[PDB]
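Remarks on the structure that follows.
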Amino acid sequence: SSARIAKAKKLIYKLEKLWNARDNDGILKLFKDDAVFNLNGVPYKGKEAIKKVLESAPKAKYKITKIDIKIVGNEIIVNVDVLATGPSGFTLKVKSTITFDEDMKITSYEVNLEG
Ligand SMILES: COc1ccc(-n2nc(C(N)=O)c3c2C(=O)N(c2ccc(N4CCCCC4=O)cc2)CC3)cc1
């Protein structure tokens, strides 16, 4: 249970590298096959749907600035404050809520782009 908190912290920084590397194949492997990707209010359920959003994600570099890990039941809730940089230098304070289960696989992944 304590290792799960540490595993979650490492998987967040791993996700940051995969996102900036556009390793969409690797990103999916941490996802449960029936996970939900809530992209600013629009949920995308299923590996095939989460995928299509990954390769359609805009060209952007991400830097983690704050990580909060909460435990609710048997699920690891990770709230990540991210700064997303576009090629034009446009910077947006985005927020992500990632949920892990016992298998350390992502069950829910919500990206908030409003602020
Ligand atoms: C320049 O400003 C922007 C604005 C919007 C967008 N934008 N567009 C989409 C889309 N229309 O698909 C998505 C994003 C985004 O910001 N996404 C993301 C959010 C957060 C993370 N990170 C960082 C690593 C660890 C935690 C974590 O969750 C990784 C990717 C994916 C989706 C980009 C740039």
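Counting begins at 1 with the first residue of the sequence. Start at 1 and go down the list; that is how both ligands and their atoms are numbered.
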Beyond-backbone contact of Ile98 with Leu15, side-chain heavy atoms, under 4.5 angstrom: yes

Hydrophobic clusters here meaning ILVMFWY residues chained together by side-chain heavy-atom distances under 4.5 Å, can you tell me if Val72 and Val80 are in one? no

Are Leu11 and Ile77 connected into the same hydrophobic cluster when the rule is that any two of I, L, V, M, F, W, Y join if their side-chain heavy atoms are below 4.5 Å apart? no

How close do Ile50 and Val36 get, counting heavy atoms only, and between which atoms? CD1-N, 4.2 Å

Within ligand 1, which atoms have a heavy atom of [X] less than 4.0 Å away?
X	result
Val82	22 (N), 23 (C), 26 (C), 27 (C)
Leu92	2 (O), 4 (C)
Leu113	5 (C), 6 (C), 7 (N), 14 (C), 15 (C), 16 (O)
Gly86	1 (C)
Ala84	1 (C), 34 (C)

Looking at CG of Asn24 and NZ of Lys51, how far apart are the two atoms once the value is rounded to the nearest 0.5 Å? 10.5 Å

Considering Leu39, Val111, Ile12 one by one, which has a heavy atom nearer to atom 25 (C) of ligand 1 than any of the others? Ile12

For the pair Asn40 (side chain) and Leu113 (backbone), establish whether a donor and an acceptor sit closer than 3.5 Å, ignoring hydrogens and angles. yes

Under 4.0 Å, heavy-atom basis, I'd like to know which part of [X] is in contact with ligand 1: side chain, backbone, both or neither.
X	result
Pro58	side chain
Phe90	both
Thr91	neither

May I ask you to decide whether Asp23 forms a salt bridge with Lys17, counting only side-chain N to carboxylate O separations under 4.0 Å? no

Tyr109 N/O under 3.5 Å from ligand 1 N/O: yes

Under 3.5 Å: N/O of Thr85 near N/O of ligand 1: no

Taking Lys32 as the fixed residue, which of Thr99, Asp101, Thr107 is the one that meets the side-chain hydrogen bond (donor to acceptor under 3.5 Å, both in side chains) rule? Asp101

